[PDB]
Amino acid sequence: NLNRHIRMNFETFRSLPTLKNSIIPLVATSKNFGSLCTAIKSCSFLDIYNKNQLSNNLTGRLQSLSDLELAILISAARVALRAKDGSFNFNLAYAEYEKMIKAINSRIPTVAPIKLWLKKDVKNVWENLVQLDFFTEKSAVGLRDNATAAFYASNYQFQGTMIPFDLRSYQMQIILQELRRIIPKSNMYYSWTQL
Amino acid sequence: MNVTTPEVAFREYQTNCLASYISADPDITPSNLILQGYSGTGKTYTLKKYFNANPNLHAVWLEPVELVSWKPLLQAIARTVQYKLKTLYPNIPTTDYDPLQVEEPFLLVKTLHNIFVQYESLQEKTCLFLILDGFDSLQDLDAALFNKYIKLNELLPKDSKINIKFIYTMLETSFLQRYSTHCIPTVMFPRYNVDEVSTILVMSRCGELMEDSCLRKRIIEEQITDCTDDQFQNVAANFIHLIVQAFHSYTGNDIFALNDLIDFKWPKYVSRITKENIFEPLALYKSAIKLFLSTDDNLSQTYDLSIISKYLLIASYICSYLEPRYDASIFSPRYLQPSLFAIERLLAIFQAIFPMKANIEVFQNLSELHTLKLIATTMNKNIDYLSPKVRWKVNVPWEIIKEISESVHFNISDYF
Amino acid sequence: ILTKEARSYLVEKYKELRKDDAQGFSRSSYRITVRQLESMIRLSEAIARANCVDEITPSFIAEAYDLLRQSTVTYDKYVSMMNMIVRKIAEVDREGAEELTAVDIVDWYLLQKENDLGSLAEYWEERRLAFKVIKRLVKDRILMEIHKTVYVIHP
Ligand SMILES: Nc1ncnc2c1ncn2[C@@H]1O[C@H](COP(=O)(O)OP(=O)(O)OP(=O)(O)O)[C@@H](O)[C@H]1O
């Protein structure tokens, strides 16, 4: 198992200190010689280390979202896909969310004698998704490279920070195809991962 | 060398990783260490929880959240390290260096070197865990900053008995990915699951709410006789589960927002408690229903405006969302941001829609609207309305223009 | 022949269809017109004409409403279970009846479809199929559990 992991390391990246730093926890955590031998033979804890290295990636963040957050993400992705430039805003996202809720309700037959959340409550969901970097502002440079660039950036006032919360332009990081790859099919909103 | 490990729930892997990379011998610890996770992940909690079980580790705590820029961050390191070294080993004769003299990282290295030389008389080599919480949370931040603290202690003389062992905490993933080639030991914090958040809130904020004055009133008011602490615990616990299951799709999985919702709704939920409400929390749910039907995070005829102002704000919306092509035909893109226009258009449309000429009250109402910020301009500082370069746009949504039109009996719904 | 309450229910649904078909800014609709109001009766006539009744029930108005608006477990079986259980809970809650457990909900639903079961072998499959529907509702919080648990409509 250790040889397989070493071969994988060699194939993937050839900076040896990376493998050194990967090995260090295995030696450090060992409590007894028998435990050390069993761990180094099984060599399973490198998989745990590697998955924790991957836990805050796009898939890891996406697996933690809620139902309403996921639905709004899907609706935003649909608008981005339909757009020529991929841009979208809060108004279009909520319009699509309302439209898809209406469609889901309609496909449920009416009985002879699912909530559309209010536009104010959806603001918290939007704020959550903007911070988790699923969205991004239209031309967000993000982290500047040097102190002088940060100075000129903090001196200037971007229009995107002044215009209302409902009309800020965003672009998408996870394209709808990636969502359909990742989103489980058991999800109720999965059927809308297609156009 | 051996370090005991606290049993931090839902952070066991990271507690083991901090049992690693942290020990008494500076020859068994790295020069840099990064713990990463988004807000509300427990990194500040877990790191302090681990340090609070092993006092012999000499830790120095700083927060770039308070320290606005890099100069305070540099100066605080020298100040707190010097004070901590005095607190730990006082008997050695030392001379003070002013932390306000640290204007450059080179000067920080110089001061650290001088202080360690002053402690050279120590018998054993010892660690100094300088801790920075939320490095990327620093507001005056740039990409090149972090390398300066990555590659710092190698400029120190390795003969020194005191070795600095930096620890960083970070929020964003786009910050880490610029420094992956350095192979810095990294410990990751993923967002909690719902089952984890609910149990964390139950374990943390249960007893604090359980004995608040609001219940200290209601227990006596309802003359509860057989009450015990276990009943208090269960009744308080049910509240957190109800709020979580009600507002999980709204808050998400964040502890802070759930705590705030609990804080706001707890007195009102307690108010509904009667003699028959306890020992049947279902009735408690079935009586405080309206608490669980609205978020109640709102801070509180919404606009009461003059008629001239109302028609000016109708005409401005018409200007902002009607294409200029139609001004010669109709009078003779809602989801998009409003387009700009000129005052010449606004005055003409206002004259064409009011049921007025150019008395000063019209311009006064327009300037009042601008001061109210119901209409925006293309500038931020040194407003110069009369300059021809300024352009105007609407800063009011459609839902309010509709009510204004209803209140003035106007039919904007037929112009689009 | 239209029953008197069917007229009351028809005007309700025609308002609902006219509401949905309404454009966002202009009041003019495009698909639903007065002809469609006749169509609802005309379709309801034919639907009722397929069976041995000369009295249009409110149910046959809903069927025409569905067909005109539309313009593991099978999808139809899942939703059919939903509309049956969801209205059952809303009925007893609004009427303030005694609370019922998930098992009682499953037994109630199987009682409603006694004749659709071809054999007692199919009974166990449908009974097993029923709990999956419940868990899906709880999975996305369509029916909130209150701690055996009691199910209440989510906001
Ligand atoms: N395992 C846990 N058990 C109990 N409470 C926890 C646990 N993990 C985190 N918390 C709670 O999380 C709360 C928020 O602190 P936390 O350490 O998560 O902040 P943070 O993510 O470092 O914040 P910031 O980025 O704003 O500095 C604490 O008050 C603590 O009670």
# chains A, B, ... in the order shown; residues from 1 in each chain; ligands from 1
$ residues_near_ligand --ligand "ligand 1" --cutoff "6 Å" --atoms "only C-alpha atoms and all ligand atoms" --output "PyMOL selection string"
chain B and resi 8-10+39-45+134+200+204
$ write_last_selection --atoms "N, CA, C and O atoms" --output "mmCIF file, in the first residue's frame"
data_model
loop_
_atom_site.group_PDB
_atom_site.id
_atom_site.type_symbol
_atom_site.label_atom_id
_atom_site.label_comp_id
_atom_site.auth_asym_id
_atom_site.auth_seq_id
_atom_site.Cartn_x
_atom_site.Cartn_y
_atom_site.Cartn_z
ATOM 1 N N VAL B 8 -12.406 17.369 21.582
ATOM 2 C CA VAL B 8 -13.261 18.309 20.864
ATOM 3 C C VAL B 8 -14.130 17.542 19.876
ATOM 4 O O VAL B 8 -13.619 16.872 18.972
ATOM 5 N N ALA B 9 -15.447 17.635 20.043
ATOM 6 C CA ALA B 9 -16.363 16.897 19.184
ATOM 7 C C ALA B 9 -16.356 17.462 17.767
ATOM 8 O O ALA B 9 -16.224 18.670 17.553
ATOM 9 N N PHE B 10 -16.499 16.560 16.794
ATOM 10 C CA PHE B 10 -16.560 16.884 15.368
ATOM 11 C C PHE B 10 -15.303 17.592 14.872
ATOM 12 O O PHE B 10 -15.314 18.204 13.799
ATOM 13 N N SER B 39 -15.975 30.679 7.993
ATOM 14 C CA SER B 39 -16.503 31.200 9.247
ATOM 15 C C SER B 39 -17.519 30.235 9.846
ATOM 16 O O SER B 39 -18.268 29.560 9.135
ATOM 17 N N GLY B 40 -17.542 30.178 11.174
ATOM 18 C CA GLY B 40 -18.388 29.233 11.873
ATOM 19 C C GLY B 40 -17.970 27.790 11.676
ATOM 20 O O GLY B 40 -18.815 26.916 11.457
ATOM 21 N N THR B 41 -16.663 27.523 11.756
ATOM 22 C CA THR B 41 -16.146 26.167 11.611
ATOM 23 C C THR B 41 -15.445 25.663 12.868
ATOM 24 O O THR B 41 -15.127 24.471 12.944
ATOM 25 N N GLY B 42 -15.193 26.526 13.847
ATOM 26 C CA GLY B 42 -14.637 26.097 15.113
ATOM 27 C C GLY B 42 -13.134 26.173 15.241
ATOM 28 O O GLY B 42 -12.591 25.650 16.221
ATOM 29 N N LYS B 43 -12.442 26.811 14.297
ATOM 30 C CA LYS B 43 -10.982 26.843 14.349
ATOM 31 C C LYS B 43 -10.483 27.672 15.530
ATOM 32 O O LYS B 43 -9.611 27.232 16.288
ATOM 33 N N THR B 44 -11.030 28.878 15.707
ATOM 34 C CA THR B 44 -10.653 29.691 16.859
ATOM 35 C C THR B 44 -11.045 29.000 18.157
ATOM 36 O O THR B 44 -10.321 29.077 19.156
ATOM 37 N N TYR B 45 -12.188 28.316 18.156
ATOM 38 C CA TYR B 45 -12.601 27.546 19.323
ATOM 39 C C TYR B 45 -11.653 26.382 19.583
ATOM 40 O O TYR B 45 -11.170 26.203 20.706
ATOM 41 N N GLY B 134 -7.328 34.255 11.794
ATOM 42 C CA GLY B 134 -7.897 34.860 10.607
ATOM 43 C C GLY B 134 -6.931 35.775 9.883
ATOM 44 O O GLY B 134 -7.145 36.991 9.829
ATOM 45 N N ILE B 200 -24.329 20.792 18.500
ATOM 46 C CA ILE B 200 -23.436 21.826 19.017
ATOM 47 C C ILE B 200 -24.234 22.906 19.733
ATOM 48 O O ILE B 200 -23.876 23.342 20.834
ATOM 49 N N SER B 204 -24.045 23.757 23.701
ATOM 50 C CA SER B 204 -23.533 25.061 24.094
ATOM 51 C C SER B 204 -24.617 25.926 24.719
ATOM 52 O O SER B 204 -24.603 26.174 25.927
#
$ interface_residues --of "chain C" --to "chain A" --cutoff "7 Å" --atoms "only C-alpha atoms" --output "list in words"
residues 58, 59, 62, 66, 79, 140 and 155 of chain C
$ residues_around --residues "residue 127 in chain A" --least-positions-apart "6" --cutoff "12 Å" --atoms "only C-alpha atoms" --output "number ranges by chain"
A: 69, 72-73, 90, 120-121, 133-136, 165-166, 168; B: 250-252, 254, 257
$ select_by_dssp --residues "chain C" --states "strand (DSSP E)" --output "list in words"
residues 143, 144, 145, 146, 150, 151, 152 and 153 of chain C
$ write_last_selection --atoms "N, CA and C atoms" --output "short mmCIF file (atom, residue, chain, number, x, y, z; two decimals), in the first residue's frame"
data_model
loop_
_atom_site.label_atom_id
_atom_site.label_comp_id
_atom_site.auth_asym_id
_atom_site.auth_seq_id
_atom_site.Cartn_x
_atom_site.Cartn_y
_atom_site.Cartn_z
N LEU C 143 -42.92 17.50 5.53
CA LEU C 143 -43.73 17.24 6.72
C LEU C 143 -42.81 17.17 7.93
N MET C 144 -42.93 18.14 8.82
CA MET C 144 -42.01 18.25 9.95
C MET C 144 -42.31 17.20 11.01
N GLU C 145 -41.26 16.55 11.49
CA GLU C 145 -41.39 15.63 12.61
C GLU C 145 -41.35 16.40 13.92
N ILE C 146 -42.24 16.04 14.84
CA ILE C 146 -42.23 16.57 16.20
C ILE C 146 -42.06 15.41 17.16
N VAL C 150 -44.89 13.06 15.32
CA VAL C 150 -46.09 13.62 14.72
C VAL C 150 -45.68 14.54 13.58
N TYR C 151 -46.43 14.50 12.49
CA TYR C 151 -46.07 15.18 11.26
C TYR C 151 -46.94 16.42 11.07
N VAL C 152 -46.30 17.56 10.84
CA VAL C 152 -46.98 18.84 10.71
C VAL C 152 -46.43 19.56 9.49
N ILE C 153 -47.31 20.24 8.76
CA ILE C 153 -46.92 20.91 7.52
C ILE C 153 -45.86 21.97 7.81
#
$ residues_around --residues "residue 84 in chain C" --least-positions-apart "6" --cutoff "12 Å" --atoms "only C-alpha atoms" --output "NGL selection string"
(:A and (108-112)) or (:C and (77-78 or 90-91 or 105-106 or 108-113 or 130 or 133-134))
$ residues_around --residues "residue 302 in chain B" --least-positions-apart "3" --cutoff "12 Å" --atoms "only C-alpha atoms" --output "PDB file with N, CA, C and O atoms, in the first residue's frame"
ATOM      1  N   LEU B 305     -45.111  60.540   1.234  1.00  0.00           N
ATOM      2  CA  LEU B 305     -44.427  61.511   0.396  1.00  0.00           C
ATOM      3  C   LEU B 305     -45.434  62.513  -0.144  1.00  0.00           C
ATOM      4  O   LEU B 305     -46.635  62.241  -0.221  1.00  0.00           O
ATOM      5  N   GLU B 399     -41.865  47.445  -6.654  1.00  0.00           N
ATOM      6  CA  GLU B 399     -42.930  47.179  -5.691  1.00  0.00           C
ATOM      7  C   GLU B 399     -43.382  48.441  -4.968  1.00  0.00           C
ATOM      8  O   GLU B 399     -44.516  48.503  -4.480  1.00  0.00           O
ATOM      9  N   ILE B 400     -42.520  49.450  -4.886  1.00  0.00           N
ATOM     10  CA  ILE B 400     -42.900  50.706  -4.250  1.00  0.00           C
ATOM     11  C   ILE B 400     -43.496  51.686  -5.259  1.00  0.00           C
ATOM     12  O   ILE B 400     -44.429  52.427  -4.927  1.00  0.00           O
ATOM     13  N   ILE B 401     -42.984  51.691  -6.492  1.00  0.00           N
ATOM     14  CA  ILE B 401     -43.561  52.523  -7.542  1.00  0.00           C
ATOM     15  C   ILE B 401     -45.005  52.119  -7.813  1.00  0.00           C
ATOM     16  O   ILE B 401     -45.854  52.973  -8.093  1.00  0.00           O
ATOM     17  N   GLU B 403     -47.202  50.888  -5.598  1.00  0.00           N
ATOM     18  CA  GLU B 403     -48.024  51.447  -4.530  1.00  0.00           C
ATOM     19  C   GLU B 403     -48.161  52.957  -4.659  1.00  0.00           C
ATOM     20  O   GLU B 403     -49.231  53.505  -4.374  1.00  0.00           O
ATOM     21  N   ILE B 404     -47.099  53.642  -5.084  1.00  0.00           N
ATOM     22  CA  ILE B 404     -47.192  55.084  -5.305  1.00  0.00           C
ATOM     23  C   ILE B 404     -48.199  55.388  -6.409  1.00  0.00           C
ATOM     24  O   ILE B 404     -49.032  56.297  -6.284  1.00  0.00           O
ATOM     25  N   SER B 407     -51.605  55.022  -5.041  1.00  0.00           N
ATOM     26  CA  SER B 407     -51.945  56.129  -4.155  1.00  0.00           C
ATOM     27  C   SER B 407     -52.191  57.434  -4.899  1.00  0.00           C
ATOM     28  O   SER B 407     -52.868  58.314  -4.357  1.00  0.00           O
TER      29      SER B 407
END
$ atom_distance --atom1 "CA of residue 219 in chain B" --atom2 "CA of residue 290 in chain B"
23.0 Å
$ select_by_dssp --residues "range 199-389 of chain B" --states "alpha helix (DSSP H)" --output "PyMOL selection string"
chain B and resi 199-204+207-210+213-221+229-251+255-271+281-287+289-293+307-321+343-353+360-371
$ closest_atom_pairs --of "chain B" --to "chain C" --cutoff "10 Å" --atoms "only C-alpha atoms" --output "CSV"
residue,atom,partner,partner_atom,distance
B:238,CA,C:147,CA,8.5
B:241,CA,C:146,CA,9.2
B:242,CA,C:146,CA,8.2
B:245,CA,C:144,CA,7.6
B:246,CA,C:155,CA,7.4
B:247,CA,C:155,CA,9.1
B:248,CA,C:141,CA,9.7
B:249,CA,C:141,CA,9.2
B:281,CA,C:147,CA,8.8
B:282,CA,C:146,CA,7.2
B:285,CA,C:146,CA,9.1
B:286,CA,C:93,CA,9.6
B:292,CA,C:155,CA,7.9
B:293,CA,C:155,CA,6.0
B:294,CA,C:155,CA,8.5
B:334,CA,C:25,CA,9.7
B:412,CA,C:25,CA,8.6
B:413,CA,C:25,CA,5.4
B:414,CA,C:26,CA,5.8
B:415,CA,C:26,CA,8.0
B:416,CA,C:25,CA,6.0
$ interface_residues --of "chain A" --to "chain B" --cutoff "7 Å" --atoms "only C-alpha atoms" --output "VMD selection string"
chain A and resid 17 to 18 21 25 28 to 29 52 to 53 55 to 56 64 to 69 91 to 92 121 124 to 125 143 to 147 150 167
$ write_last_selection --atoms "N, CA, C and O atoms" --output "mmCIF file, in the first residue's frame"
data_model
loop_
_atom_site.group_PDB
_atom_site.id
_atom_site.type_symbol
_atom_site.label_atom_id
_atom_site.label_comp_id
_atom_site.auth_asym_id
_atom_site.auth_seq_id
_atom_site.Cartn_x
_atom_site.Cartn_y
_atom_site.Cartn_z
ATOM 1 N N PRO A 17 9.266 16.902 -0.676
ATOM 2 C CA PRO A 17 8.792 17.414 0.620
ATOM 3 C C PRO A 17 7.290 17.317 0.805
ATOM 4 O O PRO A 17 6.828 17.222 1.947
ATOM 5 N N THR A 18 6.510 17.339 -0.278
ATOM 6 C CA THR A 18 5.077 17.094 -0.146
ATOM 7 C C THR A 18 4.813 15.704 0.421
ATOM 8 O O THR A 18 4.002 15.543 1.342
ATOM 9 N N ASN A 21 5.807 15.691 4.145
ATOM 10 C CA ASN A 21 4.781 16.298 4.985
ATOM 11 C C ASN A 21 3.552 15.406 5.083
ATOM 12 O O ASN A 21 2.866 15.393 6.111
ATOM 13 N N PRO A 25 2.334 13.058 9.681
ATOM 14 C CA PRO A 25 1.256 12.707 10.622
ATOM 15 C C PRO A 25 1.201 11.230 10.954
ATOM 16 O O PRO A 25 0.845 10.869 12.082
ATOM 17 N N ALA A 28 3.776 10.694 13.577
ATOM 18 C CA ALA A 28 3.465 11.454 14.784
ATOM 19 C C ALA A 28 2.333 10.812 15.577
ATOM 20 O O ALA A 28 2.402 10.719 16.809
ATOM 21 N N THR A 29 1.286 10.360 14.890
ATOM 22 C CA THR A 29 0.102 9.831 15.556
ATOM 23 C C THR A 29 0.346 8.474 16.204
ATOM 24 O O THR A 29 -0.382 8.104 17.132
ATOM 25 N N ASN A 52 -9.233 14.982 3.564
ATOM 26 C CA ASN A 52 -9.306 16.234 4.309
ATOM 27 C C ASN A 52 -8.630 17.364 3.545
ATOM 28 O O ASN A 52 -9.059 18.520 3.629
ATOM 29 N N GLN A 53 -7.573 17.051 2.792
ATOM 30 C CA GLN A 53 -6.997 18.034 1.881
ATOM 31 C C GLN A 53 -8.013 18.491 0.843
ATOM 32 O O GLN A 53 -7.897 19.597 0.304
ATOM 33 N N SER A 55 -11.466 18.458 1.451
ATOM 34 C CA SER A 55 -12.758 18.694 2.084
ATOM 35 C C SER A 55 -13.323 20.083 1.814
ATOM 36 O O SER A 55 -14.549 20.231 1.776
ATOM 37 N N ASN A 56 -12.480 21.099 1.630
ATOM 38 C CA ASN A 56 -12.956 22.450 1.356
ATOM 39 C C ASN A 56 -12.873 22.802 -0.125
ATOM 40 O O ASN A 56 -12.824 23.984 -0.477
ATOM 41 N N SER A 64 -22.446 20.535 1.497
ATOM 42 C CA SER A 64 -22.891 21.045 2.788
ATOM 43 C C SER A 64 -24.079 21.995 2.695
ATOM 44 O O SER A 64 -24.614 22.392 3.736
ATOM 45 N N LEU A 65 -24.505 22.365 1.490
ATOM 46 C CA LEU A 65 -25.576 23.340 1.342
ATOM 47 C C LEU A 65 -26.932 22.732 1.697
ATOM 48 O O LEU A 65 -27.111 21.512 1.738
ATOM 49 N N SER A 66 -27.895 23.612 1.962
ATOM 50 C CA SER A 66 -29.245 23.206 2.317
ATOM 51 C C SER A 66 -30.113 23.059 1.070
ATOM 52 O O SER A 66 -29.689 23.328 -0.058
ATOM 53 N N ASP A 67 -31.354 22.619 1.290
ATOM 54 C CA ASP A 67 -32.279 22.404 0.182
ATOM 55 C C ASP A 67 -32.583 23.702 -0.551
ATOM 56 O O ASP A 67 -32.475 23.770 -1.782
ATOM 57 N N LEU A 68 -32.970 24.745 0.185
ATOM 58 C CA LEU A 68 -33.289 26.018 -0.450
ATOM 59 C C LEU A 68 -32.051 26.644 -1.080
ATOM 60 O O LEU A 68 -32.125 27.217 -2.175
ATOM 61 N N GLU A 69 -30.906 26.546 -0.399
ATOM 62 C CA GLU A 69 -29.661 27.050 -0.966
ATOM 63 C C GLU A 69 -29.330 26.332 -2.265
ATOM 64 O O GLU A 69 -28.941 26.959 -3.256
ATOM 65 N N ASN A 91 -32.808 39.315 -8.938
ATOM 66 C CA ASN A 91 -34.175 39.348 -9.452
ATOM 67 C C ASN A 91 -34.448 38.162 -10.368
ATOM 68 O O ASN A 91 -35.458 37.466 -10.216
ATOM 69 N N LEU A 92 -33.554 37.917 -11.329
ATOM 70 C CA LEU A 92 -33.728 36.786 -12.234
ATOM 71 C C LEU A 92 -33.684 35.464 -11.480
ATOM 72 O O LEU A 92 -34.454 34.542 -11.781
ATOM 73 N N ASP A 121 -36.727 36.632 2.774
ATOM 74 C CA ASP A 121 -36.041 35.531 3.443
ATOM 75 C C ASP A 121 -34.907 34.983 2.584
ATOM 76 O O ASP A 121 -33.900 34.496 3.110
ATOM 77 N N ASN A 124 -30.894 36.046 3.020
ATOM 78 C CA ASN A 124 -29.896 35.333 3.811
ATOM 79 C C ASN A 124 -29.262 34.205 3.011
ATOM 80 O O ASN A 124 -28.051 33.970 3.104
ATOM 81 N N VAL A 125 -30.070 33.484 2.231
ATOM 82 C CA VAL A 125 -29.530 32.430 1.383
ATOM 83 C C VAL A 125 -28.565 33.008 0.361
ATOM 84 O O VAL A 125 -27.500 32.434 0.105
ATOM 85 N N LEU A 143 -8.317 38.934 -4.342
ATOM 86 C CA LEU A 143 -7.106 39.265 -3.603
ATOM 87 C C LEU A 143 -6.073 39.929 -4.504
ATOM 88 O O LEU A 143 -5.604 39.324 -5.472
ATOM 89 N N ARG A 144 -5.716 41.173 -4.196
ATOM 90 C CA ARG A 144 -4.708 41.868 -4.979
ATOM 91 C C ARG A 144 -3.325 41.274 -4.718
ATOM 92 O O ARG A 144 -3.096 40.567 -3.733
ATOM 93 N N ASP A 145 -2.395 41.573 -5.624
ATOM 94 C CA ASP A 145 -1.083 40.936 -5.578
ATOM 95 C C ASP A 145 -0.127 41.624 -4.612
ATOM 96 O O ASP A 145 0.617 40.942 -3.900
ATOM 97 N N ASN A 146 -0.125 42.956 -4.566
ATOM 98 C CA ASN A 146 0.861 43.695 -3.791
ATOM 99 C C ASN A 146 0.181 44.828 -3.034
ATOM 100 O O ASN A 146 -0.983 45.160 -3.273
ATOM 101 N N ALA A 147 0.936 45.421 -2.103
ATOM 102 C CA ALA A 147 0.378 46.436 -1.215
ATOM 103 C C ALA A 147 -0.066 47.682 -1.969
ATOM 104 O O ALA A 147 -1.080 48.289 -1.614
ATOM 105 N N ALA A 150 -3.350 47.009 -3.476
ATOM 106 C CA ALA A 150 -4.369 47.065 -2.433
ATOM 107 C C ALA A 150 -4.706 48.502 -2.056
ATOM 108 O O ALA A 150 -5.869 48.813 -1.780
ATOM 109 N N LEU A 167 -29.688 43.963 -7.465
ATOM 110 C CA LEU A 167 -29.234 44.205 -8.830
ATOM 111 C C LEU A 167 -27.727 44.067 -9.014
ATOM 112 O O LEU A 167 -27.203 44.497 -10.049
#
$ atom_distance --atom1 "CA of residue 35 in chain B" --atom2 "CA of residue 47 in chain B"
9.1 Å
$ residues_around --residues "residue 36 in chain C" --least-positions-apart "6" --cutoff "10 Å" --atoms "only C-alpha atoms" --output "PyMOL selection string"
chain C and resi 14+17-18+42-43+68
$ write_last_selection --atoms "C-alpha atoms" --output "compact mmCIF listing (two decimals), in the first residue's frame"
# COMPACT_ATOMS: atom_id res chain seq x y z
CA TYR C 14 -60.99 30.38 -13.74
CA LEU C 17 -55.95 30.36 -14.36
CA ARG C 18 -56.52 34.00 -15.30
CA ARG C 42 -66.67 21.28 -22.13
CA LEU C 43 -63.79 19.09 -20.95
CA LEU C 68 -55.44 22.70 -19.33
$ residues_around --residues "residue 4 in chain A" --least-positions-apart "4" --cutoff "12 Å" --atoms "only C-alpha atoms" --output "list in words"
residues 8, 9, 10, 11, 41, 42, 43, 44, 46 and 47 of chain A
$ closest_residue --among "C:11, C:3, C:52, C:136" --to "residue 34 in chain C" --atoms "only C-alpha atoms"
C:11
